[PDB]
Amino acid sequence: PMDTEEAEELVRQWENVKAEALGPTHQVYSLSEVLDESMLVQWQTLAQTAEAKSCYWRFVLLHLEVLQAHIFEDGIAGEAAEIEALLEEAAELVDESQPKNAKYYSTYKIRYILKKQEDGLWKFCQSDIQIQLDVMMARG
Amino acid sequence: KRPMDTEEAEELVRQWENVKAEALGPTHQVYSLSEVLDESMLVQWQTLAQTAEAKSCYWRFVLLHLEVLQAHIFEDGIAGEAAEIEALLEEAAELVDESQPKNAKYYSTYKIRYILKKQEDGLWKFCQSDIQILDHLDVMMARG
Amino acid sequence: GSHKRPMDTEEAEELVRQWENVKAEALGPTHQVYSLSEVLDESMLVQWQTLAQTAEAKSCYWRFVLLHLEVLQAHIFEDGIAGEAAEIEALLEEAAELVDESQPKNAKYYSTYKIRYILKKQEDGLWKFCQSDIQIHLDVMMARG
Amino acid sequence: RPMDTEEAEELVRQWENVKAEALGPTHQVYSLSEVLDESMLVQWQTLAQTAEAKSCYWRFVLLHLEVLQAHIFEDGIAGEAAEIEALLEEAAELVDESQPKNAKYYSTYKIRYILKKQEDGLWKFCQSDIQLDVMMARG
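The deposited coordinates for this entry were obtained by X-ray crystallography, with a reported resolution of 3.3700 Å.

**Student:** Describe in detail the overall build of chain C, supporting the description with residues and values.
**Tutor:** From N to C terminus, chain C includes 3 helices and 4 strands. Listed N to C, the secondary structure of chain C is α-α-α-β-β-β-β in terms of helices and strands. On C-alpha atoms alone, chain C measures out to a radius of gyration of 16 Å, which is about the 15 Å that the 2.2 N^0.38 rule sets for 145 residues. With the C-alpha coordinates aligned to their principal axes, the bounding extent of chain C is approximately 55 × 30 × 20 Å. The 145 residues of chain C split such that 51% are buried. Just so you have it, chain C exposes about 6,800 Å², and 48% of that area is on carbon and sulfur atoms. Between the centroid of the 14 positive side chains of chain C and the centroid of its 26 negative side chains there is a distance of 5 Å.

**Student:** Give me the overall build of chain A: which residues, what numbers.
**Tutor:** The helix and strand inventory of chain A stands at 3 helices and 4 strands. Going from the N terminus to the C terminus, chain A shows its helices and strands as α-α-α-β-β-β-β. Its C-alpha radius of gyration of 15 Å places chain A within 12% of the 14 Å reference for a compact globule of 140 residues. For chain A, the spread of C-alpha atoms along the principal axes amounts to about 50 × 25 × 25 Å. Expressed as a percentage of its 140 residues, the buried residues of chain A come to 53%.

**Student:** Residues and numbers for the side chain of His28 of chain B, please.
**Tutor:** Residue and element names in this part refer to chain B. Its location among the elements puts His28 in the loop between α1 (6-24) and α2 (33-36). At 3.0 Å, the side chain of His28 forms a polar contact with the backbone oxygen of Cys57. Sequence-distant contacts of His28, that is, excluding residues within four places in its chain, are made with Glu22, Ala23, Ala52, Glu53, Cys57 and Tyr58.

**Student:** Report on unusual backbone geometry, specifying residues and quantitative values.
**Tutor:** All names here are of chain C. Its identity as a non-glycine residue notwithstanding, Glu42 has a phi of 50°, on the positive side. If you trace the backbone, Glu42 turns up in helix α3 (residues 42-57). A relative accessible area of 51% means that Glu42 is categorised as exposed. A positive phi is found at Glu84, a non-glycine position, where the angle reads about 55°. Note that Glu84 resides in the loop between β1 (61-75) and β2 (87-99).

**Student:** Could you give an account of the packing of aromatic side chains, with specific residues and numbers?
**Tutor:** Residue and element names in this part refer to chain C. Throughout the structure, instances matching the rule amount to 14 aromatic pairs over all chains. A cation over a ring is seen here: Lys23 above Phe64, with NZ or CZ 4.8 Å from the ring centre. If you follow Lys121 out to its NZ or CZ, it ends over the ring of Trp127, 4.8 Å from the centre.

**Student:** Mind laying out the pattern of salt bridges, listing which residues take part and the relevant values?
**Tutor:** The tally for this structure, following the rule as stated, stands at 19 salt bridges over all chains. Measuring nitrogen to oxygen at the nearest pair gives 2.2 Å for the salt bridge that ties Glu33 of chain A to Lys121 of chain C. Of this pair, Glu33 of chain A sits in helix α2 (residues 30-34) while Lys121 of chain C sits in strand β3 (residues 107-121), placing the two residues on different chains. When the shortest N-O distance is used, the salt bridge between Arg113 of chain B and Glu86 of chain B registers 3.6 Å. Separated by 27 residues along the polypeptide, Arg113 of chain B in strand β5 (residues 105-118) and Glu86 of chain B in strand β3 (residues 82-94) bring together distant segments of the chain. When its relative accessible area of 33% is taken as the criterion, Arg113 of chain B is described as partly exposed. Of the residues examined, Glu86 of chain B reaches a relative accessible area of 16% and is grouped as buried. Each of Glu15, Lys18 and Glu89 of chain A takes part in one network of salt bridges that share partners.

**Student:** Which residues make up the pairing of β2 of chain C, and what values go with them?
**Tutor:** All names here are of chain C. Where burial is concerned, most of β2 is hidden: 10 out of the 13 residues are buried. Where β1 meets β2, 12 bridges bridge the pair, whose relative direction is antiparallel. If you follow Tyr61 over to β2, its bridge partner there is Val99. Two elements, β2 and β3, share 12 bridges in a ladder whose sense is antiparallel. Within β3, the residue paired with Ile88 across the bridge is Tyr117.

**Student:** I'd like a description of helix α1 (residues 4-21) of chain A, backed by residues and values.
**Tutor:** Residue and element names in this part refer to chain A. The first and last C-alpha atoms of α1 sit 25 Å apart over 18 residues, in line with the 26 Å expected at 1.5 Å per residue. Among the 18 residues of α1, 14 are classified as buried, and the element is accordingly described as predominantly covered. One or two steps after α1, the chain reaches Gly23, where phi turns positive at roughly 155°.

**Student:** If you had to explain the environment of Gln70 of chain B to someone new, which residues and values would you point to?
**Tutor:** Residue and element names in this part refer to chain B. Along the chain, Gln70 falls in strand β2 (residues 61-72). For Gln70, a relative accessible area of 42% translates into the label partly exposed. Along the primary structure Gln70 and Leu42 are separated by 28 residues, whereas in three dimensions their C-alpha atoms are 23 Å apart. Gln70 has contacts with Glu84, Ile85 and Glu86, leaving out every residue within four places of it along the chain.

**Student:** Could you give me a rundown of the interface of chain B and chain A, with the residues and numbers involved?
**Tutor:** Contact residues are listed per partner, giving 23 residues for chain B and 25 residues for chain A. Carbon and sulfur atoms make up 57% of the surface buried where chain B meets chain A, a total of about 2,000 Å² over both sides. By the criterion of area lost to chain A, the three top residues of chain B are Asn18, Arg60 and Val62 of chain B, representing 28% of everything that side buries. Scanning the region where chain B abuts chain A turns up 0 salt bridges. At the boundary of chain B with chain A, the tally comes to 7 residue pairs in polar contact. Contributions of two or more residues to the side of chain B that touches chain A are made by α1, β2, β3 and β5 of chain B. Element by element, the count of residues in the side of chain B that touches chain A is highest for α1 of chain B, at 6 residues. Here the side of chain B that touches chain A is built from residues that sort into 12 nonpolar, 4 polar and 7 charged.

**Student:** Explain the pairing of strand β1 (residues 57-73) of chain D to me, and be specific about the residues and the numbers.
**Tutor:** All names here are of chain D. Sheet topology places β1 next to strand β2 (residues 80-95); 14 bridges connect them, and they run antiparallel. Considered in β2, the bridge of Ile72 is made with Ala82. As consecutive antiparallel partners, β1 and β2 are separated by 6 residues, and within that stretch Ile77 has a phi angle of approximately 55°, a positive value.

**Student:** Please give an account of the sheet that holds β1 of chain D that cites residues and values.
**Tutor:** Residues and elements named next belong to chain D. Spatial ordering of the open sheet is given by β1-β2-β3-β4, a layout of 4 strands whose pairing is antiparallel. In the strand order of this sheet, the two ends are held by β1 and β4 (122-130), each with one partner. Adjacent strand axes in the sheet meet at a mean angle of 30°, parallel and antiparallel pairs treated alike. In this fold helix α3 (residues 39-53) packs onto β1, β3 (103-118) and β4, with an angle of close to 80° to the strand it touches most, β4.

Parameters and conventions
- Residues numbered from 1 in each chain as written, not as in the entry; some residues may be left out.
- Chains lettered and ligands numbered in written order.
- Heavy atoms only, no water.
- Helix = DSSP H or I, 4+ residues; strand = E, 2+ residues; numbered from the N terminus.
- Rg over C-alpha atoms; globule rule 2.2 N^0.38 Å.
- Buried < 20%, exposed > 50% of the residue type's maximum accessible area, 1.4 Å probe, protein only.
- Areas by Shrake-Rupley, 256 points an atom, 1.4 Å probe, with all protein chains shown as cover.
- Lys, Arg positive; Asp, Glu negative; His and termini not counted.
- Charge placed at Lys NZ, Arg CZ, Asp CG, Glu CD.
- Polar contact = N/O pair within 3.5 Å; in protein donor to acceptor, adjacent residues only side chain to side chain.
- Contact = heavy atoms within 4.5 Å.
- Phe/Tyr/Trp six-rings, centres within 6.5 Å; stacked < 30°, edge-to-face > 60°.
- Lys NZ or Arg CZ within 6 Å of the ring centre and 35° of its normal.
- Salt bridge = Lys/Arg side-chain N within 4 Å of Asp/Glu carboxyl O.
- Pairing = 2+ DSSP bridges.
- Expected span 1.5 Å × (residues − 1).
- Buried area = accessible area lost by both parts, 1.4 Å probe.
- Nonpolar A, V, L, I, M, F, W, Y, C, P; charged D, E, K, R; others polar.
- Axes fitted to C-alpha atoms, helices over the stretch in contact; angles between N-to-C directions.

Here is the structure:
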């Protein structure tokens, strides 16, 4: 059981942090804010990979909706939360080698697992998009 | 009743739509407007880019699809060669501001006509455009 | 400028509420003094550590009900390296009852008040409240913020 | 016929304390039987039984307890009754791990307590007139 307006502002904080990382700002450490554990690693590489090929993403989040926000704590150690977020976004990879070819428009739901830092920061842990280089790589 | 290359005309706008991004976006490159822009349309988007950059707000948009409806090269008076591109633009944007944790966004499809002036080097730049159908920046400031 | 940007109000409220949960644990009957070190350090710690240590040895505890908390302002400063600073002012509306055996009745309070917190990132990125400044035996007012 | 203000205050100060333990995590429904009778009983036993079965518990902080005019007149024939009017300024929080948030409140309110002296040395609160789960724990 979780506050959805907290969930909608926690992921919108993330999607905006994803954009700040993947993009011409090229801030990888921005991940360290809201990202941790498994998810930070892949997006740390991905933000640094696009920074390796000198490519960057332009993100626009059209709308998000939290379908189910729930809190569970497993064992004695850690607090965690699952957030199912219906996410409709579009992004284009601007590349120097193959300019302007890139684009995508996705409308999808995604399930986020995140840990509560002792600070209560609610950094993101891992996620997978539900099915029900590449420019579709950041659909998170 | 005059030609324009729809493969060229689309490229001018595809190269332009990226220029609006790099200028309004977090890189905030205002000089890059001067690359593809000229005359009134340069001053308008110079004002917007520099305005949003002074206010510490940066624009974000993805251009979904570009269609060229009509493209003509008329030279009008002897002064210079000109072009009229009617382009159907499908794009969405959210101006990213630190002030609000929620970024206001738009998704719009519209047809916007451009006029251009071929320079001495023979490169087409955008002097003026109209979209038929120190202040807060509306989400629709960047359209086209 | 000079690396000053607003913190997320969500980052703030869910961050602050963590301190209030710490204060209730440290100054309540559970007397978690270790809990103080979680979200506190440097100045604010030693102040509140000594209090929750005092309330432990004097066997007095604080009962907290915290009405709606609001974040008035949240900002991120820069320190040293590029990160690791912040100043956030929240409006705290709470009722605290100090249970002290010795005194005849537990004295409550009801105070709506604005307080300034200072928060740092320490080595690995994590935030801990460094100091607290309220703007306008044992007492019930010892516990505020 | 006005009550000793001490005689009245201890009656309510007890009830407020009885009310806190009943709706708290200790979830003592029996405590309502001590200091209540009739409507105060039925309404508050169902409520405490409600929160007990829903695993909800209230939290309470009573800031200031005050007595307005507290008067006594005999109940019909042998029984005796009393009116105690009290200003209650209290804060409370209903904690549900279910639901996103606990619902706090702070309410300063007048509530008329109609009591009867039980036959043997005892007083019971028999009525309250104030002029799922909500913050309905008041008075």
